[PDB]
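Below: the structure, in structure tokens.
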Amino acid sequence: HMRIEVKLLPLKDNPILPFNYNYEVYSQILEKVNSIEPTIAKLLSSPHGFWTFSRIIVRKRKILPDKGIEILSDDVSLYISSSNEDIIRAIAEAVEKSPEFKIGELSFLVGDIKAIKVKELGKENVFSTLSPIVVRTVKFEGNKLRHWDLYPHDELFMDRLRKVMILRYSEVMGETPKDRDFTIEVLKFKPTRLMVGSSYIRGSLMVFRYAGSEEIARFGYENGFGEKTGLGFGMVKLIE
RNA sequence: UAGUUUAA
């Protein structure tokens, strides 16, 4: 398990961060790890989800629903996480090498790059969503095959996430997970829709209590929960 | 930041 904080610096003044920055941040991270390691940057774009990143955390904010989030604080930080040590490596160097970010009209400098300590998984534990968890099912509109975004109150929901994890864990850990049973009781929730390119993505910010696997947890902890983790979704933090 | 606008 490896988790890092990347502190960012705003320029110029009265900085305003759009809410769907979500996609771009990932795009730029893919350029940056590309130049220095085109080979490891293939895992970044992998849909099977070898990593996660969080929202850009803004500690002092004024929320102005028209324009975006107001930055009142010196620096804002973003947290990348993953199970295999070598992606974090790539990104550390990659961004420290070309620390120029722009999301919409807000340009960014990479201030320091630290390493976050990983709070030891409990026996039974609780997670807050550090970036909205996504889960989807196939849905047909007439002829073509598109997908439909799920929320915890949809019933299929709990059942996709079981598949989505077991699928993902076998597809990276390389083997089937020993114990496949888990259940998550949902303590909080807010839905969100974020933009990517021309399309939309709906996912569930939420707090919740997970029980029933060492690895499914240790795994969802490192690489996040559900689908599309690579784009900045699924990352969780463990509060108790 | 138990939180972040907009609800196919």
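Quick note on naming: the chains in the structure tokens go A, B, ... in the order shown, residues restart at 1 in each chain, and ligands are numbered from 1 in order of appearance.
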For the interface of chain A with chain B (cut-off 10 Å, counting only C-alpha atoms (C1' of nucleotides)), please tabulate each contacting residue of chain A alongside its nearest pair of atoms and their separation in Å to one decimal, rows sorted by chain and increasing number, as a tab-separated table.
residue	atom	partner	partner_atom	distance
A:18	CA	B:5	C1'	9.2
A:19	CA	B:4	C1'	6.9
A:20	CA	B:4	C1'	9.7
A:55	CA	B:4	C1'	9.6
A:57	CA	B:1	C1'	7.4
A:58	CA	B:1	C1'	8.1
A:59	CA	B:1	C1'	7.8
A:60	CA	B:1	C1'	10.0
A:61	CA	B:1	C1'	10.0
A:63	CA	B:5	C1'	7.6
A:64	CA	B:5	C1'	7.3
A:65	CA	B:5	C1'	4.3
A:66	CA	B:5	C1'	7.1
A:67	CA	B:5	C1'	8.5
A:68	CA	B:5	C1'	6.9
A:69	CA	B:4	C1'	8.0
A:128	CA	B:2	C1'	8.3
A:129	CA	B:3	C1'	8.8
A:130	CA	B:1	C1'	8.5
A:131	CA	B:3	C1'	9.7
A:148	CA	B:8	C1'	8.6
A:149	CA	B:8	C1'	9.0
A:187	CA	B:2	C1'	8.9
A:188	CA	B:2	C1'	7.0
A:189	CA	B:2	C1'	9.0
A:190	CA	B:3	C1'	8.7
A:191	CA	B:7	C1'	8.3
A:192	CA	B:7	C1'	7.8
A:193	CA	B:7	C1'	7.2
A:194	CA	B:6	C1'	9.0
A:200	CA	B:8	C1'	8.5
A:201	CA	B:8	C1'	9.6
A:202	CA	B:7	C1'	8.6
A:205	CA	B:3	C1'	8.0
A:206	CA	B:2	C1'	8.5
A:207	CA	B:2	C1'	7.3
Using DSSP on the backbone, list every residue of segment 64-115 of chain A that comes out as strand (DSSP E or B), and give them as a ChimeraX atom specification. /A:64,68-71,76-82,100-103,106-115
Hey, can you spit out that residue selection with C-alpha atoms as a PDB file, in the first residue's frame?
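Full text of result-v8.pdb as output:
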ATOM      1  CA  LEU A  64     -20.449  29.849  -4.985  1.00  0.00           C
ATOM      2  CA  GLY A  68     -17.201  27.143  -8.488  1.00  0.00           C
ATOM      3  CA  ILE A  69     -15.305  26.666  -5.228  1.00  0.00           C
ATOM      4  CA  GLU A  70     -13.519  29.660  -3.742  1.00  0.00           C
ATOM      5  CA  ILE A  71     -10.004  28.991  -2.426  1.00  0.00           C
ATOM      6  CA  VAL A  76      -4.886  22.645  -1.645  1.00  0.00           C
ATOM      7  CA  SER A  77      -3.848  19.022  -1.708  1.00  0.00           C
ATOM      8  CA  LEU A  78      -4.646  15.922  -3.739  1.00  0.00           C
ATOM      9  CA  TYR A  79      -4.112  12.342  -2.582  1.00  0.00           C
ATOM     10  CA  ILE A  80      -3.046   9.582  -4.939  1.00  0.00           C
ATOM     11  CA  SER A  81      -3.196   5.981  -3.758  1.00  0.00           C
ATOM     12  CA  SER A  82      -2.442   2.462  -5.016  1.00  0.00           C
ATOM     13  CA  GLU A 100       2.424  22.797 -13.926  1.00  0.00           C
ATOM     14  CA  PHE A 101      -1.315  22.147 -13.629  1.00  0.00           C
ATOM     15  CA  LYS A 102      -4.314  23.991 -15.079  1.00  0.00           C
ATOM     16  CA  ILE A 103      -7.948  23.108 -14.390  1.00  0.00           C
ATOM     17  CA  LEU A 106      -7.049  28.029 -12.545  1.00  0.00           C
ATOM     18  CA  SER A 107      -3.318  27.330 -13.007  1.00  0.00           C
ATOM     19  CA  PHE A 108      -1.381  25.350 -10.417  1.00  0.00           C
ATOM     20  CA  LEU A 109       2.117  24.799  -9.140  1.00  0.00           C
ATOM     21  CA  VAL A 110       3.121  21.602  -7.405  1.00  0.00           C
ATOM     22  CA  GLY A 111       4.343  22.499  -3.947  1.00  0.00           C
ATOM     23  CA  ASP A 112       5.840  19.668  -1.955  1.00  0.00           C
ATOM     24  CA  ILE A 113       5.058  15.963  -2.469  1.00  0.00           C
ATOM     25  CA  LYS A 114       4.728  14.017   0.786  1.00  0.00           C
ATOM     26  CA  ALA A 115       3.893  10.468   1.823  1.00  0.00           C
TER      27      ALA A 115
END
Hey, what's within 7 Å of residue 52 of chain A if we count only C-alpha atoms (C1' of nucleotides) and toss same-chain stuff fewer than 4 positions away? As JSON, numbers by chain, please?
{"A": [80, 81, 82, 223, 224, 229, 230, 232, 233, 234, 235]}
Print the selection's residues with C-alpha atoms to a file, as a tab-separated table (two decimals), in the first residue's frame.
chain	number	residue	atom	x	y	z
A	80	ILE	CA	-3.05	9.58	-4.94
A	81	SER	CA	-3.20	5.98	-3.76
A	82	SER	CA	-2.44	2.46	-5.02
A	223	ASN	CA	-7.05	1.25	-5.27
A	224	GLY	CA	-10.46	2.65	-4.22
A	229	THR	CA	-11.12	4.57	-10.01
A	230	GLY	CA	-8.36	5.65	-12.36
A	232	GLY	CA	-10.29	10.02	-9.68
A	233	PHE	CA	-13.22	8.11	-8.18
A	234	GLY	CA	-13.56	5.48	-5.50
A	235	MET	CA	-10.76	6.62	-3.19
Counting only C-alpha atoms, figure out which residue out of A:183, A:214, A:231, A:116 gets nearest to residue 27 of chain A.
->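 Ranking A:183, A:214, A:231, A:116 by distance to residue 27 of chain A, first place goes to A:231.
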The distance between atom CA of residue 227 of chain A and atom CA of residue 165 of chain A is 8.3 Å
Excluding residue 98 of chain A and any residue of its chain fewer than 2 positions from it, enumerate the residues within 12 Å of it, using only C-alpha atoms (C1' of nucleotides), and give them as a PyMOL selection string.
chain A and resi 28-36+91-96+100-101+108-111
Practice item. Go through segment 21-93 of chain A and collect every residue that DSSP, computed from the backbone, puts in helix (DSSP H, G or I); the answer should be as a VMD selection string. Key: chain A and resid 22 to 36 41 to 44 85 to 93
Write to file, as a PDB file, in the first residue's frame, the residues of the selection just made, with N, CA and C atoms.
ATOM      1  N   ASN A  22     -12.594  17.111 -12.606  1.00  0.00           N
ATOM      2  CA  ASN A  22     -12.221  15.763 -12.249  1.00  0.00           C
ATOM      3  C   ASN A  22     -11.396  15.100 -13.329  1.00  0.00           C
ATOM      4  N   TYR A  23     -11.857  15.250 -14.558  1.00  0.00           N
ATOM      5  CA  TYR A  23     -11.251  14.576 -15.684  1.00  0.00           C
ATOM      6  C   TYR A  23      -9.836  15.051 -15.965  1.00  0.00           C
ATOM      7  N   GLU A  24      -9.691  16.363 -16.158  1.00  0.00           N
ATOM      8  CA  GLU A  24      -8.423  17.014 -16.504  1.00  0.00           C
ATOM      9  C   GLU A  24      -7.257  16.612 -15.614  1.00  0.00           C
ATOM     10  N   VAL A  25      -7.463  16.734 -14.309  1.00  0.00           N
ATOM     11  CA  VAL A  25      -6.453  16.366 -13.344  1.00  0.00           C
ATOM     12  C   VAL A  25      -5.882  15.005 -13.724  1.00  0.00           C
ATOM     13  N   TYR A  26      -6.742  14.121 -14.215  1.00  0.00           N
ATOM     14  CA  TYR A  26      -6.294  12.793 -14.586  1.00  0.00           C
ATOM     15  C   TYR A  26      -5.551  12.817 -15.898  1.00  0.00           C
ATOM     16  N   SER A  27      -6.026  13.640 -16.821  1.00  0.00           N
ATOM     17  CA  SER A  27      -5.381  13.782 -18.124  1.00  0.00           C
ATOM     18  C   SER A  27      -3.938  14.222 -17.985  1.00  0.00           C
ATOM     19  N   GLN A  28      -3.742  15.333 -17.277  1.00  0.00           N
ATOM     20  CA  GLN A  28      -2.420  15.886 -17.022  1.00  0.00           C
ATOM     21  C   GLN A  28      -1.506  14.885 -16.299  1.00  0.00           C
ATOM     22  N   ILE A  29      -2.044  14.124 -15.349  1.00  0.00           N
ATOM     23  CA  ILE A  29      -1.244  13.094 -14.679  1.00  0.00           C
ATOM     24  C   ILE A  29      -0.819  12.011 -15.671  1.00  0.00           C
ATOM     25  N   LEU A  30      -1.606  11.820 -16.718  1.00  0.00           N
ATOM     26  CA  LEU A  30      -1.258  10.801 -17.693  1.00  0.00           C
ATOM     27  C   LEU A  30      -0.169  11.298 -18.639  1.00  0.00           C
ATOM     28  N   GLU A  31      -0.204  12.583 -18.977  1.00  0.00           N
ATOM     29  CA  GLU A  31       0.873  13.165 -19.763  1.00  0.00           C
ATOM     30  C   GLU A  31       2.157  13.041 -18.962  1.00  0.00           C
ATOM     31  N   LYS A  32       2.098  13.466 -17.700  1.00  0.00           N
ATOM     32  CA  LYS A  32       3.289  13.564 -16.861  1.00  0.00           C
ATOM     33  C   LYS A  32       3.983  12.222 -16.611  1.00  0.00           C
ATOM     34  N   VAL A  33       3.211  11.166 -16.378  1.00  0.00           N
ATOM     35  CA  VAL A  33       3.811   9.847 -16.192  1.00  0.00           C
ATOM     36  C   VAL A  33       4.148   9.220 -17.536  1.00  0.00           C
ATOM     37  N   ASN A  34       3.629   9.811 -18.608  1.00  0.00           N
ATOM     38  CA  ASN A  34       3.877   9.289 -19.948  1.00  0.00           C
ATOM     39  C   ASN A  34       5.306   9.579 -20.353  1.00  0.00           C
ATOM     40  N   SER A  35       5.633  10.865 -20.444  1.00  0.00           N
ATOM     41  CA  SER A  35       6.978  11.297 -20.795  1.00  0.00           C
ATOM     42  C   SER A  35       8.022  10.448 -20.059  1.00  0.00           C
ATOM     43  N   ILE A  36       8.045  10.538 -18.734  1.00  0.00           N
ATOM     44  CA  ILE A  36       9.046   9.813 -17.960  1.00  0.00           C
ATOM     45  C   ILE A  36       8.924   8.276 -17.941  1.00  0.00           C
ATOM     46  N   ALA A  41       2.471   4.228 -17.462  1.00  0.00           N
ATOM     47  CA  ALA A  41       1.341   5.107 -17.750  1.00  0.00           C
ATOM     48  C   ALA A  41       0.228   4.368 -18.487  1.00  0.00           C
ATOM     49  N   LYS A  42       0.493   3.116 -18.851  1.00  0.00           N
ATOM     50  CA  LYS A  42      -0.513   2.270 -19.491  1.00  0.00           C
ATOM     51  C   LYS A  42      -1.474   1.686 -18.457  1.00  0.00           C
ATOM     52  N   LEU A  43      -0.993   1.577 -17.223  1.00  0.00           N
ATOM     53  CA  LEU A  43      -1.777   1.063 -16.107  1.00  0.00           C
ATOM     54  C   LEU A  43      -2.691   2.156 -15.568  1.00  0.00           C
ATOM     55  N   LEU A  44      -2.210   3.391 -15.672  1.00  0.00           N
ATOM     56  CA  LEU A  44      -2.980   4.551 -15.253  1.00  0.00           C
ATOM     57  C   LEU A  44      -4.285   4.603 -16.023  1.00  0.00           C
ATOM     58  N   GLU A  85       3.768  -0.416  -5.551  1.00  0.00           N
ATOM     59  CA  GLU A  85       4.644   0.695  -5.219  1.00  0.00           C
ATOM     60  C   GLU A  85       5.120   1.509  -6.415  1.00  0.00           C
ATOM     61  N   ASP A  86       5.106   0.901  -7.594  1.00  0.00           N
ATOM     62  CA  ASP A  86       5.743   1.505  -8.766  1.00  0.00           C
ATOM     63  C   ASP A  86       4.941   2.591  -9.512  1.00  0.00           C
ATOM     64  N   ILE A  87       3.622   2.617  -9.321  1.00  0.00           N
ATOM     65  CA  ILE A  87       2.804   3.677  -9.918  1.00  0.00           C
ATOM     66  C   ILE A  87       3.009   4.983  -9.157  1.00  0.00           C
ATOM     67  N   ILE A  88       2.891   4.904  -7.835  1.00  0.00           N
ATOM     68  CA  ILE A  88       3.177   6.033  -6.967  1.00  0.00           C
ATOM     69  C   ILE A  88       4.550   6.617  -7.301  1.00  0.00           C
ATOM     70  N   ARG A  89       5.560   5.753  -7.386  1.00  0.00           N
ATOM     71  CA  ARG A  89       6.885   6.178  -7.826  1.00  0.00           C
ATOM     72  C   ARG A  89       6.776   7.028  -9.086  1.00  0.00           C
ATOM     73  N   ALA A  90       6.263   6.423 -10.146  1.00  0.00           N
ATOM     74  CA  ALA A  90       6.156   7.097 -11.428  1.00  0.00           C
ATOM     75  C   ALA A  90       5.585   8.501 -11.281  1.00  0.00           C
ATOM     76  N   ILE A  91       4.495   8.606 -10.525  1.00  0.00           N
ATOM     77  CA  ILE A  91       3.764   9.861 -10.369  1.00  0.00           C
ATOM     78  C   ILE A  91       4.535  10.886  -9.553  1.00  0.00           C
ATOM     79  N   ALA A  92       5.167  10.422  -8.480  1.00  0.00           N
ATOM     80  CA  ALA A  92       6.017  11.276  -7.664  1.00  0.00           C
ATOM     81  C   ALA A  92       6.966  12.043  -8.579  1.00  0.00           C
ATOM     82  N   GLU A  93       7.861  11.304  -9.233  1.00  0.00           N
ATOM     83  CA  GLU A  93       8.826  11.897 -10.145  1.00  0.00           C
ATOM     84  C   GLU A  93       8.126  12.637 -11.274  1.00  0.00           C
TER      85      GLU A  93
END
